[PDB]
Amino acid sequence: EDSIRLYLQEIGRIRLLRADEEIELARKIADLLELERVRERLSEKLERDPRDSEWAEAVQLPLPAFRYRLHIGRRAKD
DNA sequence: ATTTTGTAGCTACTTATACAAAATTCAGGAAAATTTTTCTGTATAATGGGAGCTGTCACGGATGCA
């Protein structure tokens, strides 16, 4: 019941990385980040949020691939 | 024989009214002024803590068991 450790163990069991490895990331993260602030721009202008579909981005995208792009983009940060 | 009592009386004479605006102040507002609280960034690199405590009990459990 150490709690501190009870979490500390586990984090152990996720393993450390290196700049290069954390570079694929960076891009992806940004790729997701900005994408959203589309999502906010389109928000703020209108309906308060694209937040529909492939139009939940004003951007163009084959919709399934959108959510996907989102996943990888932010999964990087996670 | 004045004096006090009078009566038949007023006029002066003064509250009383009520209003009344004028004061005359007060309160609240409004700022506005400003002071105090918040917010955000920070680029070499940095990647598991602290402690110890060590002398009843009980019981019911004790599942666990061999």
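Residue numbers (the deposited numbering): 79 to 156.
Ideal Cβ positions, reconstructed from N, Cα and C, are used throughout, including at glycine.
I'd like the list of long-range same chain contacts for residue i, defined as Cβ closer than 7 Å, with 5 residues on each side in sequence excluded.
i      : result
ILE150 : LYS106
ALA136 : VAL116, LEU120, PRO128
Three-state secondary structure (DSSP) at residue i?
i      : result
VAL116 : helix
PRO128 : coil
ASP109 : helix
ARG152 : helix
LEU84  : helix
Can you have a look at residue i and say buried or exposed, based on whether 16 or more other CB atoms are within 10 angstroms of its CB?
i      : result
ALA104 : exposed
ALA134 : buried
message: When you compare the segment 132-146 with the segment 96-111, are there three or more beta-carbon pairs, one atom per stretch, that lie closer than 8 Å?
response: Flag = no, the segment 132-146 and the segment 96-111 do not touch.
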